[PDB]
Amino acid sequence: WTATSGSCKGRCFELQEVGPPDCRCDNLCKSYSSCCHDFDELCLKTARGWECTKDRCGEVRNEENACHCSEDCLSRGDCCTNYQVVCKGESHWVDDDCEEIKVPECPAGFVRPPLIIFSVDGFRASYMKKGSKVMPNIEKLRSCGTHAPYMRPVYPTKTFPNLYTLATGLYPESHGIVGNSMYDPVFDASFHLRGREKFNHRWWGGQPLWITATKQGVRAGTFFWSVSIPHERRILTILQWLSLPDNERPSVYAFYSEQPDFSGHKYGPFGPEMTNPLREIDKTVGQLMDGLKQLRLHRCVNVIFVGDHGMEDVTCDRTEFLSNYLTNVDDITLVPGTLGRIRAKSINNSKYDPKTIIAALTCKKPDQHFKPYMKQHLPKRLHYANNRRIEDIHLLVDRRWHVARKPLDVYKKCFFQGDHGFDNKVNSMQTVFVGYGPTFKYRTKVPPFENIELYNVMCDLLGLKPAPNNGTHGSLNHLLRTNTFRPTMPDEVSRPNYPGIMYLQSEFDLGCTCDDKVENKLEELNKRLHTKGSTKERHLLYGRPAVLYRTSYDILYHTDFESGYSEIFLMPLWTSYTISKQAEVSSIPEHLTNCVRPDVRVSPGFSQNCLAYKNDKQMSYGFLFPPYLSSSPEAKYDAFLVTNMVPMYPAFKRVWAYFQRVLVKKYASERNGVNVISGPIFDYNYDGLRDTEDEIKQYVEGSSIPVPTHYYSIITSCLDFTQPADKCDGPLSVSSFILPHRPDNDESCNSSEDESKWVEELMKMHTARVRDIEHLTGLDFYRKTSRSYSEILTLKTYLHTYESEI
Ligand SMILES: *[C@@H]1O[C@H](CO)[C@@H](O[C@@H]2O[C@H](CO)[C@@H](O[C@@H]3O[C@H](CO[C@H]4O[C@H](CO)[C@@H](O)[C@H](O[C@H]5O[C@H](CO)[C@@H](O)[C@H](O)[C@@H]5O[C@H]5O[C@H](CO)[C@@H](O)[C@H](O)[C@@H]5O)[C@@H]4O)[C@@H](O)[C@H](O[C@H]4O[C@H](CO)[C@@H](O)[C@H](O)[C@@H]4O[C@H]4O[C@H](CO)[C@@H](O)[C@H](O)[C@@H]4O)[C@@H]3O)[C@H](O)[C@H]2NC(C)=O)[C@H](O)[C@H]1NC(C)=O
Ligand SMILES: Cn1c(COc2ccc(S(C)(=O)=O)cc2C(C)(C)C)n[nH]c1=O
Ligand SMILES: [Ca+2]
Ligand SMILES: [Ca+2]
Ligand code: NA
Ligand code: NA
Ligand SMILES: [Zn+2]
């Protein structure tokens with residue numbers, strides 16, 4: 001119930017929410033069906049439109065008008081945004097030369113530069129160049145402020161998950177808005193675009209920027225705008241709030257546009273109908289900047305122009321139907337479109353079986369345009385699994401396609417020509433970032449970055465402490481002139497042991513064999529040096545990784561590689577080695593095919609054993625430092641130490657052996673040497689975070705040897721590839737991956753072919769940031785470089801996409 005009989009007189013767009021059943025005059029009242037009777041009359045004036053004209057200049061104030069051109073309008077804070085241009089001979093902001101804003105130039109009473117977040121829905125990154133001729137205001141912001149060539153959204157590349165990730169710094173699995181449609185089995189409740197359930201607070205996790213500001217005494221304007229309130233009125237409302245007395249005035253404001261997404265769905269991303277929406281968004285930017293210039297705030301406010309996701313060409317005829325795959329299509333519920341989520345239609349149906357659904361959807365048609373995954377098997381870079389609202393079965397849909405349950409859903413539910421939601425590495429899904437103002441840099445281009453990083457920067461711009469989030473604070477310091485965040489490196493929690501030779505060969509009973517009893521003061525002293533770390537500077541180029549949790553581990557040195565060996569997990573946490581451009585690849589000698597050697601530095605009790613692998617009929621083993629890249633026949637024997645061995649399903653060893661034998665040297669050739677750090681990851685509860693020993697669900701049969709869920713590699717070289725990786729004087733270049741450790745290659749439909757046709761494609765799909773490996777391992781990399789810490793944090797957030805140029 002709402003007693004809509006109270007009044008909005010002098011309450012229009014009030015900032016406080018008055019409690020039911022008293023009628024509301026705040027922006028959300030429309031959405032709630034609760035505005036006072038006179039809200040439209042008083043608060044949504046439209047008389048005479050939005051622009052001053054010569055005849056209106058100096059007019060007698062008529063309170064009916066949408067905006068004013070009377071002499072008193074500046075002191076009332078309610079002139080039309082073009083007032084000073086039309087009536088007072090001023091220029092539009094866009095027509096002014098850009099001039100560096102070295103310090104905030106703010107009216108008296110302003111405690112800090114206000115922040116205005118101008119969000120545009122479906123604004124694809126390439127509109128900035130492709131539409132530049134028709135967006136002069138946006139082009140001025142872009143060229144004069146700080147901009148990236150694109151900003152990476154989160155998956156799924158849908159509106160609500162991205163807008164709320166921008167507001168919170170969290171992945172959707174953590175903030176809870178995992179789609180624009182969701183079912184929460186604990187609540188037994190459904191969230192939809194239409195309707196009221198979506199306003200219930202239990203959907204919205206984390207702490208969004210307006211709540212962060214409010215808790216810390218910084219006032220915020222509205223972020224959600226009722227769809228019926230025209231953009232011109234939204235802008236006028238922000239400018240009115242900016243004229244409030246100091247103690248009442250917000251410091252952070254948001255404007256939202258439903259365009260160009262609305263038209264992009266109808267016309268496609270580059271439909272000729274798209275020019276007009278771009279022009280109209282640019283005109284709204286110009287209204288805002290003219291309005292700020294009138295208020296003498298145009299060199300005071302920081303403005304962020306940011307999008308939620310892009311837009312791809314998608315038509316009704318490019319739809320895959322699950323009814324062409326599944327016999328039981330009526331026993332499932334599908335969340336459809338540019339991603340699929342499948343769960344049982346009835347929880348009482350005990351014939352429902354996810355395994356048979358996955359198999360029926362796997363590589364069943366030659367040009368199949370989606371791929372099924374259990375959510376824990378999705379690429380870890382999507383961070384899309386740890387939430388009960390994400391169904392166990394996920395379909396990753398190819399760009400330009402949809403998936404639906406049955407044909408009748410697509411015509412009895414072509415209209416549309418655009419859509420979005422695909423993998424957030426896809427070029428068409430990328431979106432925009434420009435920052436303009438005193439706190440941003442001037443005429444500065446920054447590399448692409450992920451939208452999860454922006455919350456921390458928005459908090460920096462407002463003087464706020466961010467709530468805990470998934471940004472890496474400091475990684476975007478290069479966007480900023482002032483207010484940078486100067487992080488310290490985390491403290492190492494566990495110090496390593498450095499064991500020497502402590503065990504005789506006969507103390508081991510591992511069931512291993514090696515043909516190595518093949519026998520010198522020249523060479524003997526030299527090999528002793530290698531075991532004490534004499535080549536460590538060659539192979540550990542950026543310092544040893546720090547272990548950020550409590551554990552027991554040993555540093556082991558070798559001619560060709562260094563490792564941090566866990567006594568708890570019986571294998572390395574990390575193995576580091578450098579491969580120069582000149583390195584040669586060799587084979588494993590015949591006499592050494594099954595060789596595994598006890599490591600006399602590490603007790604039998606803290607070693608793996610060969611018998612466990614013999615007995616586990618499903619599990620084989622591989623090596624972290626590859627025997628193929630040994631520096632000499634004699635150094636090769638180190639690669640067969642039991643302390644370099646890790647458990648590997650035979651199907652995965654196909655992938656691993658091709659990476660080690662072919663791709664590492666290919667990368668060293670291309671990049672002028674590479675440093676590689678490789679290791680295991682254990683994430684059995686798919687939370688993106690290192691498992692403790694009691695979370696491990698699978699061991700090599702009969703043993704305490706844990707089976708990794710993934711294997712990672714971090715591959716680093718010099719950004720200036722004229723310099724070799726091991727003699728690099730400037731910035732670094734990195735690429736990394738987190739490969740799932742699976743017992744089949746069902747993910748790769750072409751896996752019956754030679755590894756040259758499918759393995760690198762797999763690895764590209766599982767590209768990762770170093771930060772993702774840090775969360776998964778409790779390790780901190782790049783501790784000893786010559787580079788600034790913020791530059792290293794930017795490096796650790798980098799993701800190599802193998803997408804073509806934007
Ligand atoms: C991205 O950044 C985020 C933010 O930094 C990282 O997420 C944090 O990760 C922590 C570890 O996973 C997690 O810490 C837990 O907090 C518990 C208290 O949780 C509530 O309070 C906080 C603080 O206000 C709140 O934010 C939480 O919000 C979640 O929950 C509601 C839903 O109920 C949602 O609305 C919201 O979206 C959010 O959901 C997300 O997180 C939860 C987990 O909290 C997931 O389940 C969801 O799927 C979703 O992803 C909560 O309201 C605290 O109780 C936990 O403590 C247990 O574990 C510790 C380990 O230290 C142990 O010592 C304790 O004994 C305790 O165990 C007991 O409970 C167990 C479970 O019943 C039981 O098994 C035991 O036997 C014990 O009885 C834990 O400390 C933190 O909450 C989240 N924060 C957020 C916002 O998500 C995230 O990891 C980063 N991602 C990456 C990849 O780096
Ligand atoms: C989608 N949407 C809106 C605008 O909603 C937002 C606009 C901007 C920002 S942020 C944080 O990017 O500045 C967040 C939001 C959420 C949805 C979080 C409240 N109004 N109406 C409507 O349908
Ligand atoms: Ca959107
Ligand atoms: Ca985990
Ligand atoms: Na075996
Ligand atoms: Na296959
Ligand atoms: Zn859309």
# chains A, B, ... in the order shown; residues from 1 in each chain; ligands from 1
>>> residues_around(residues="residue 583 in chain A", least_positions_apart="4", cutoff="12 Å", atoms="only C-alpha atoms", output="list in words")
residues 560, 578, 579, 628, 629, 630, 631, 632, 661, 664, 665, 666, 667, 668, 669, 672, 673 and 674 of chain A
>>> residues_near_ligand(ligand="ligand 7", cutoff="9 Å", atoms="only C-alpha atoms and all ligand atoms", output="ChimeraX atom specification")
/A:121-122,158-159,258,260-262,264-265,309-311,418-421
>>> select_by_dssp(residues="range 448-567 of chain A", states="alpha helix (DSSP H)", output="VMD selection string")
chain A and resid 454 to 462 521 to 531 536 to 539
>>> write_last_selection(atoms="N, CA, C and O atoms", output="short mmCIF file (atom, residue, chain, number, x, y, z; two decimals), in the first residue's frame")
data_model
loop_
_atom_site.label_atom_id
_atom_site.label_comp_id
_atom_site.auth_asym_id
_atom_site.auth_seq_id
_atom_site.Cartn_x
_atom_site.Cartn_y
_atom_site.Cartn_z
N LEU A 454 37.99 -0.88 -11.31
CA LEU A 454 37.54 0.50 -11.22
C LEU A 454 37.02 0.92 -9.83
O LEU A 454 37.20 2.05 -9.44
N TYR A 455 36.35 0.03 -9.09
CA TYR A 455 35.86 0.40 -7.76
C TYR A 455 36.97 0.99 -6.91
O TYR A 455 36.74 1.98 -6.20
N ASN A 456 38.13 0.32 -6.90
CA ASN A 456 39.23 0.85 -6.06
C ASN A 456 39.60 2.27 -6.50
O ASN A 456 39.82 3.10 -5.60
N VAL A 457 39.62 2.52 -7.78
CA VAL A 457 40.00 3.87 -8.28
C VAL A 457 38.89 4.88 -7.87
O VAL A 457 39.19 6.02 -7.47
N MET A 458 37.59 4.51 -8.06
CA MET A 458 36.52 5.39 -7.66
C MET A 458 36.61 5.72 -6.16
O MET A 458 36.37 6.84 -5.74
N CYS A 459 36.98 4.74 -5.34
CA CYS A 459 37.22 4.98 -3.93
C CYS A 459 38.41 5.92 -3.74
O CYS A 459 38.28 6.83 -2.95
N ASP A 460 39.49 5.72 -4.47
CA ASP A 460 40.66 6.65 -4.42
C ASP A 460 40.21 8.09 -4.80
O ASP A 460 40.62 9.09 -4.14
N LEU A 461 39.35 8.22 -5.83
CA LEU A 461 38.93 9.55 -6.28
C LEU A 461 38.11 10.28 -5.24
O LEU A 461 38.03 11.55 -5.29
N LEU A 462 37.44 9.53 -4.35
CA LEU A 462 36.53 10.06 -3.29
C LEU A 462 37.16 10.08 -1.89
O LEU A 462 36.50 10.40 -0.93
N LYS A 521 87.61 -34.21 -10.46
CA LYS A 521 87.58 -32.92 -9.74
C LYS A 521 87.22 -31.67 -10.58
O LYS A 521 86.78 -30.65 -10.02
N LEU A 522 87.41 -31.74 -11.91
CA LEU A 522 86.93 -30.68 -12.82
C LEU A 522 85.39 -30.57 -12.70
O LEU A 522 84.85 -29.56 -12.20
N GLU A 523 84.71 -31.64 -13.10
CA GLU A 523 83.26 -31.70 -13.17
C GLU A 523 82.50 -31.93 -11.84
O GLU A 523 81.35 -31.50 -11.71
N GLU A 524 83.13 -32.60 -10.87
CA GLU A 524 82.49 -32.84 -9.56
C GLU A 524 82.26 -31.59 -8.72
O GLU A 524 81.19 -31.45 -8.11
N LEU A 525 83.24 -30.68 -8.67
CA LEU A 525 83.05 -29.43 -7.91
C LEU A 525 81.94 -28.59 -8.56
O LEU A 525 81.14 -27.98 -7.86
N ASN A 526 81.91 -28.62 -9.89
CA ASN A 526 80.95 -27.87 -10.70
C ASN A 526 79.47 -28.25 -10.45
O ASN A 526 78.61 -27.37 -10.28
N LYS A 527 79.20 -29.56 -10.43
CA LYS A 527 77.88 -30.09 -10.10
C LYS A 527 77.46 -29.80 -8.64
O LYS A 527 76.28 -29.56 -8.37
N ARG A 528 78.43 -29.82 -7.71
CA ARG A 528 78.19 -29.39 -6.33
C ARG A 528 77.75 -27.91 -6.27
O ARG A 528 76.87 -27.55 -5.49
N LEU A 529 78.41 -27.05 -7.07
CA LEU A 529 78.06 -25.64 -7.17
C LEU A 529 76.61 -25.49 -7.64
O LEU A 529 75.90 -24.69 -7.04
N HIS A 530 76.22 -26.27 -8.67
CA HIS A 530 74.84 -26.20 -9.26
C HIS A 530 73.80 -26.54 -8.18
O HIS A 530 72.74 -25.90 -8.06
N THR A 531 74.13 -27.51 -7.34
CA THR A 531 73.17 -27.91 -6.30
C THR A 531 73.12 -26.89 -5.16
O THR A 531 72.17 -26.89 -4.38
N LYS A 536 71.39 -20.11 -10.15
CA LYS A 536 70.05 -19.65 -9.76
C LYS A 536 69.65 -18.30 -10.37
O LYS A 536 68.47 -18.09 -10.71
N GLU A 537 70.64 -17.42 -10.57
CA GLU A 537 70.36 -16.09 -11.17
C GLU A 537 69.87 -16.23 -12.60
O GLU A 537 69.21 -15.32 -13.12
N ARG A 538 70.26 -17.31 -13.26
CA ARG A 538 69.86 -17.54 -14.63
C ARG A 538 68.40 -18.00 -14.61
O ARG A 538 67.60 -17.59 -15.44
N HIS A 539 68.07 -18.86 -13.66
CA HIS A 539 66.74 -19.51 -13.75
C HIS A 539 65.69 -18.92 -12.85
O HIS A 539 64.50 -19.14 -13.13
#
>>> select_by_dssp(residues="range 79-218 of chain A", states="strand (DSSP E or B)", output="PyMOL selection string")
chain A and resi 79+115-121+124+146-147+151-152+182-184+189-191
>>> write_last_selection(atoms="N, CA, C and O atoms", output="mmCIF file, in the first residue's frame")
data_model
loop_
_atom_site.group_PDB
_atom_site.id
_atom_site.type_symbol
_atom_site.label_atom_id
_atom_site.label_comp_id
_atom_site.auth_asym_id
_atom_site.auth_seq_id
_atom_site.Cartn_x
_atom_site.Cartn_y
_atom_site.Cartn_z
ATOM 1 N N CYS A 79 18.937 26.656 -14.623
ATOM 2 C CA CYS A 79 18.948 27.056 -16.009
ATOM 3 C C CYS A 79 18.952 25.797 -16.899
ATOM 4 O O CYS A 79 19.468 24.722 -16.460
ATOM 5 N N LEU A 115 32.746 13.240 -8.095
ATOM 6 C CA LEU A 115 32.923 12.230 -9.161
ATOM 7 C C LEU A 115 31.550 12.043 -9.847
ATOM 8 O O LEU A 115 30.535 11.825 -9.150
ATOM 9 N N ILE A 116 31.553 12.035 -11.185
ATOM 10 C CA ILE A 116 30.307 11.726 -11.946
ATOM 11 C C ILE A 116 30.587 10.508 -12.810
ATOM 12 O O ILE A 116 31.528 10.582 -13.615
ATOM 13 N N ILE A 117 29.792 9.422 -12.609
ATOM 14 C CA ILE A 117 30.022 8.188 -13.383
ATOM 15 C C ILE A 117 28.934 8.219 -14.461
ATOM 16 O O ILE A 117 27.726 8.135 -14.126
ATOM 17 N N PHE A 118 29.355 8.311 -15.722
ATOM 18 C CA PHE A 118 28.391 8.384 -16.843
ATOM 19 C C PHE A 118 28.408 7.030 -17.530
ATOM 20 O O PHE A 118 29.428 6.700 -18.195
ATOM 21 N N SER A 119 27.422 6.179 -17.239
ATOM 22 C CA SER A 119 27.415 4.784 -17.734
ATOM 23 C C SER A 119 26.545 4.667 -18.990
ATOM 24 O O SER A 119 25.402 5.143 -19.008
ATOM 25 N N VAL A 120 27.091 4.008 -19.995
ATOM 26 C CA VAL A 120 26.371 3.820 -21.279
ATOM 27 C C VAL A 120 26.221 2.304 -21.523
ATOM 28 O O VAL A 120 27.193 1.534 -21.589
ATOM 29 N N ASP A 121 25.005 1.832 -21.724
ATOM 30 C CA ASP A 121 24.713 0.409 -21.905
ATOM 31 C C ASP A 121 25.013 -0.021 -23.357
ATOM 32 O O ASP A 121 24.649 0.682 -24.304
ATOM 33 N N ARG A 124 30.008 -0.554 -27.314
ATOM 34 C CA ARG A 124 31.107 -1.364 -27.761
ATOM 35 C C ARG A 124 32.357 -0.477 -27.928
ATOM 36 O O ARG A 124 32.288 0.658 -28.394
ATOM 37 N N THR A 146 42.187 10.727 -19.877
ATOM 38 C CA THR A 146 42.857 9.450 -19.837
ATOM 39 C C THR A 146 41.915 8.433 -20.468
ATOM 40 O O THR A 146 40.770 8.334 -20.072
ATOM 41 N N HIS A 147 42.403 7.616 -21.383
ATOM 42 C CA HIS A 147 41.440 6.608 -21.955
ATOM 43 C C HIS A 147 42.163 5.284 -22.212
ATOM 44 O O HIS A 147 43.404 5.270 -22.381
ATOM 45 N N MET A 151 37.994 -1.585 -22.424
ATOM 46 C CA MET A 151 37.913 -2.086 -21.049
ATOM 47 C C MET A 151 37.233 -3.438 -21.130
ATOM 48 O O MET A 151 36.220 -3.586 -21.832
ATOM 49 N N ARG A 152 37.763 -4.404 -20.402
ATOM 50 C CA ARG A 152 37.204 -5.814 -20.431
ATOM 51 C C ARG A 152 36.111 -5.933 -19.411
ATOM 52 O O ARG A 152 36.263 -5.623 -18.248
ATOM 53 N N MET A 182 17.897 -15.210 -12.738
ATOM 54 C CA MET A 182 18.514 -16.181 -11.812
ATOM 55 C C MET A 182 17.451 -16.916 -10.963
ATOM 56 O O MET A 182 16.353 -16.380 -10.707
ATOM 57 N N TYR A 183 17.778 -18.144 -10.580
ATOM 58 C CA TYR A 183 16.995 -18.856 -9.542
ATOM 59 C C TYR A 183 17.896 -19.122 -8.343
ATOM 60 O O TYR A 183 19.021 -19.624 -8.528
ATOM 61 N N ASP A 184 17.470 -18.772 -7.128
ATOM 62 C CA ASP A 184 18.304 -19.064 -5.949
ATOM 63 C C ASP A 184 17.534 -20.218 -5.208
ATOM 64 O O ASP A 184 16.409 -20.021 -4.735
ATOM 65 N N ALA A 189 13.589 -18.617 -4.963
ATOM 66 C CA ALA A 189 13.069 -17.381 -5.488
ATOM 67 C C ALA A 189 13.774 -17.086 -6.828
ATOM 68 O O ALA A 189 14.891 -17.497 -7.031
ATOM 69 N N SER A 190 13.090 -16.348 -7.692
ATOM 70 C CA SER A 190 13.599 -16.015 -9.037
ATOM 71 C C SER A 190 13.768 -14.515 -9.237
ATOM 72 O O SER A 190 12.901 -13.719 -8.874
ATOM 73 N N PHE A 191 14.913 -14.137 -9.804
ATOM 74 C CA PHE A 191 15.215 -12.748 -10.169
ATOM 75 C C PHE A 191 15.020 -12.588 -11.659
ATOM 76 O O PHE A 191 15.522 -13.392 -12.471
#
>>> residues_around(residues="residue 389 in chain A", least_positions_apart="3", cutoff="12 Å", atoms="only C-alpha atoms", output="ChimeraX atom specification")
/A:172-191,203,335,341-343,375,384-386,392-394
>>> closest_residue(among="A:722, A:294, A:207, A:4", to="ligand 2", atoms="only C-alpha atoms and all ligand atoms")
A:207
>>> residues_near_ligand(ligand="ligand 6", cutoff="6 Å", atoms="only C-alpha atoms and all ligand atoms", output="PyMOL selection string")
chain A and resi 745-751
>>> atom_distance(atom1="atom 28 (O, counted along the ligand's line) of ligand 1", atom2="CA of residue 452 in chain A")
17.1 Å
>>> residues_near_ligand(ligand="ligand 4", cutoff="9 Å", atoms="only C-alpha atoms and all ligand atoms", output="NGL selection string")
:A and (682-692 or 695 or 776)
>>> closest_residue(among="A:520, A:257, A:563, A:444", to="residue 498 in chain A", atoms="only C-alpha atoms")
A:563
>>> closest_atom_pairs(of="chain A", to="ligand 2", cutoff="6 Å", atoms="only C-alpha atoms and all ligand atoms", output="CSV")
residue,atom,partner,partner_atom_place_in_ligand_line,distance
A:117,CA,ligand 2,13 (O),5.3
A:119,CA,ligand 2,8 (C),5.6
A:160,CA,ligand 2,17 (C),5.6
A:163,CA,ligand 2,12 (O),4.4
A:164,CA,ligand 2,18 (C),4.2
A:166,CA,ligand 2,12 (O),4.9
A:167,CA,ligand 2,11 (C),3.6
A:223,CA,ligand 2,6 (C),5.0
A:224,CA,ligand 2,20 (N),3.7
A:225,CA,ligand 2,20 (N),3.9
A:226,CA,ligand 2,21 (N),5.4
A:227,CA,ligand 2,21 (N),5.7
A:254,CA,ligand 2,13 (O),5.3
A:256,CA,ligand 2,7 (C),5.2
>>> write_last_selection(atoms="N, CA, C and O atoms", output="PDB file, in the first residue's frame")
ATOM      1  N   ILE A 117      29.792   9.422 -12.609  1.00  0.00           N
ATOM      2  CA  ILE A 117      30.022   8.188 -13.383  1.00  0.00           C
ATOM      3  C   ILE A 117      28.934   8.219 -14.461  1.00  0.00           C
ATOM      4  O   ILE A 117      27.726   8.135 -14.126  1.00  0.00           O
ATOM      5  N   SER A 119      27.422   6.179 -17.239  1.00  0.00           N
ATOM      6  CA  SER A 119      27.415   4.784 -17.734  1.00  0.00           C
ATOM      7  C   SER A 119      26.545   4.667 -18.990  1.00  0.00           C
ATOM      8  O   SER A 119      25.402   5.143 -19.008  1.00  0.00           O
ATOM      9  N   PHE A 160      23.165  -6.327 -15.830  1.00  0.00           N
ATOM     10  CA  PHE A 160      23.195  -6.246 -14.391  1.00  0.00           C
ATOM     11  C   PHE A 160      24.488  -6.801 -13.746  1.00  0.00           C
ATOM     12  O   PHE A 160      25.027  -6.189 -12.816  1.00  0.00           O
ATOM     13  N   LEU A 163      27.136  -3.909 -14.493  1.00  0.00           N
ATOM     14  CA  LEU A 163      26.969  -2.664 -13.744  1.00  0.00           C
ATOM     15  C   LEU A 163      27.275  -2.862 -12.257  1.00  0.00           C
ATOM     16  O   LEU A 163      27.880  -2.016 -11.619  1.00  0.00           O
ATOM     17  N   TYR A 164      26.858  -3.989 -11.699  1.00  0.00           N
ATOM     18  CA  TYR A 164      27.083  -4.232 -10.269  1.00  0.00           C
ATOM     19  C   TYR A 164      28.540  -4.619 -10.020  1.00  0.00           C
ATOM     20  O   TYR A 164      29.060  -4.263  -8.944  1.00  0.00           O
ATOM     21  N   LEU A 166      30.947  -3.134 -11.718  1.00  0.00           N
ATOM     22  CA  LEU A 166      31.573  -1.819 -11.686  1.00  0.00           C
ATOM     23  C   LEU A 166      31.401  -1.170 -10.318  1.00  0.00           C
ATOM     24  O   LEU A 166      32.348  -0.584  -9.756  1.00  0.00           O
ATOM     25  N   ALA A 167      30.214  -1.321  -9.741  1.00  0.00           N
ATOM     26  CA  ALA A 167      29.858  -0.683  -8.440  1.00  0.00           C
ATOM     27  C   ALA A 167      30.540  -1.312  -7.235  1.00  0.00           C
ATOM     28  O   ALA A 167      30.656  -0.633  -6.206  1.00  0.00           O
ATOM     29  N   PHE A 223      21.902   6.014  -8.141  1.00  0.00           N
ATOM     30  CA  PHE A 223      22.529   5.275  -9.237  1.00  0.00           C
ATOM     31  C   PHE A 223      21.491   4.654 -10.210  1.00  0.00           C
ATOM     32  O   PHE A 223      21.701   4.566 -11.439  1.00  0.00           O
ATOM     33  N   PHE A 224      20.350   4.240  -9.667  1.00  0.00           N
ATOM     34  CA  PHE A 224      19.304   3.632 -10.496  1.00  0.00           C
ATOM     35  C   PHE A 224      18.354   4.770 -10.950  1.00  0.00           C
ATOM     36  O   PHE A 224      17.898   5.573 -10.122  1.00  0.00           O
ATOM     37  N   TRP A 225      18.066   4.871 -12.259  1.00  0.00           N
ATOM     38  CA  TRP A 225      17.150   5.890 -12.780  1.00  0.00           C
ATOM     39  C   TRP A 225      15.922   5.167 -13.357  1.00  0.00           C
ATOM     40  O   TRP A 225      16.074   4.173 -14.067  1.00  0.00           O
ATOM     41  N   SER A 226      14.728   5.630 -12.973  1.00  0.00           N
ATOM     42  CA  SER A 226      13.505   5.026 -13.523  1.00  0.00           C
ATOM     43  C   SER A 226      13.436   5.257 -15.021  1.00  0.00           C
ATOM     44  O   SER A 226      13.738   6.363 -15.545  1.00  0.00           O
ATOM     45  N   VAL A 227      13.115   4.194 -15.753  1.00  0.00           N
ATOM     46  CA  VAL A 227      13.307   4.188 -17.227  1.00  0.00           C
ATOM     47  C   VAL A 227      12.465   5.300 -17.878  1.00  0.00           C
ATOM     48  O   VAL A 227      12.818   5.800 -18.946  1.00  0.00           O
ATOM     49  N   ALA A 254      25.760   9.496 -10.415  1.00  0.00           N
ATOM     50  CA  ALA A 254      25.695   8.591 -11.571  1.00  0.00           C
ATOM     51  C   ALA A 254      24.630   8.974 -12.569  1.00  0.00           C
ATOM     52  O   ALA A 254      23.533   9.365 -12.197  1.00  0.00           O
ATOM     53  N   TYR A 256      22.909   7.181 -16.129  1.00  0.00           N
ATOM     54  CA  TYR A 256      22.840   5.992 -16.933  1.00  0.00           C
ATOM     55  C   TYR A 256      22.059   6.221 -18.218  1.00  0.00           C
ATOM     56  O   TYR A 256      20.970   6.858 -18.216  1.00  0.00           O
TER      57      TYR A 256
END
>>> residues_around(residues="range 345-357 of chain A", least_positions_apart="2", cutoff="9 Å", atoms="only C-alpha atoms", output="PDB file with C-alpha atoms, in the first residue's frame")
ATOM      1  CA  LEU A 326      18.652 -34.344 -25.934  1.00  0.00           C
ATOM      2  CA  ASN A 328      14.756 -35.777 -22.490  1.00  0.00           C
ATOM      3  CA  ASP A 330      11.292 -31.632 -21.238  1.00  0.00           C
ATOM      4  CA  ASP A 331      13.013 -32.687 -18.046  1.00  0.00           C
ATOM      5  CA  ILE A 332      15.421 -29.718 -18.083  1.00  0.00           C
ATOM      6  CA  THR A 333      15.108 -25.991 -17.448  1.00  0.00           C
ATOM      7  CA  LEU A 334      17.399 -23.857 -19.627  1.00  0.00           C
ATOM      8  CA  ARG A 343      19.255 -27.590 -14.267  1.00  0.00           C
ATOM      9  CA  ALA A 359      27.742 -36.364 -22.986  1.00  0.00           C
ATOM     10  CA  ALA A 360      24.713 -35.779 -25.264  1.00  0.00           C
ATOM     11  CA  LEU A 361      25.861 -32.198 -25.795  1.00  0.00           C
ATOM     12  CA  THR A 362      29.549 -32.972 -26.448  1.00  0.00           C
ATOM     13  CA  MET A 374      30.375 -28.565 -15.733  1.00  0.00           C
ATOM     14  CA  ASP A 392      26.245 -26.915 -12.528  1.00  0.00           C
ATOM     15  CA  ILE A 393      25.837 -27.318 -16.321  1.00  0.00           C
TER      16      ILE A 393
END
>>> closest_residue(among="A:602, A:218, A:35, A:358", to="residue 112 in chain A", atoms="only C-alpha atoms")
A:218
>>> residues_around(residues="residue 606 in chain A", least_positions_apart="6", cutoff="12 Å", atoms="only C-alpha atoms", output="JSON, numbers by chain")
{"A": [503, 508, 510, 552, 553, 554, 565, 566, 567, 568, 569, 570, 571, 572, 598, 599, 600, 642, 643, 703, 704, 705]}
>>> residues_near_ligand(ligand="ligand 5", cutoff="10 Å", atoms="only C-alpha atoms and all ligand atoms", output="mmCIF file with C-alpha atoms, in the first residue's frame")
data_model
loop_
_atom_site.group_PDB
_atom_site.id
_atom_site.type_symbol
_atom_site.label_atom_id
_atom_site.label_comp_id
_atom_site.auth_asym_id
_atom_site.auth_seq_id
_atom_site.Cartn_x
_atom_site.Cartn_y
_atom_site.Cartn_z
ATOM 1 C CA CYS A 610 56.585 -45.064 -8.295
ATOM 2 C CA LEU A 611 54.549 -47.975 -6.953
ATOM 3 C CA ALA A 612 51.514 -45.728 -6.411
ATOM 4 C CA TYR A 613 51.549 -44.808 -10.152
ATOM 5 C CA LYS A 614 52.025 -48.476 -11.181
ATOM 6 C CA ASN A 615 48.982 -49.409 -9.121
ATOM 7 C CA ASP A 616 46.706 -46.454 -10.102
ATOM 8 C CA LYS A 617 45.520 -47.626 -13.451
ATOM 9 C CA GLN A 618 44.051 -44.224 -14.372
ATOM 10 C CA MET A 619 46.984 -41.989 -13.333
ATOM 11 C CA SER A 620 50.401 -41.477 -14.862
ATOM 12 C CA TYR A 621 53.070 -38.788 -14.155
ATOM 13 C CA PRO A 647 50.632 -36.753 -11.185
ATOM 14 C CA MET A 648 49.134 -36.491 -14.728
ATOM 15 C CA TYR A 649 46.278 -38.345 -16.418
ATOM 16 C CA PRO A 650 47.486 -39.847 -19.718
ATOM 17 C CA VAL A 700 46.930 -41.118 -6.462
ATOM 18 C CA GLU A 701 45.445 -44.529 -5.539
#
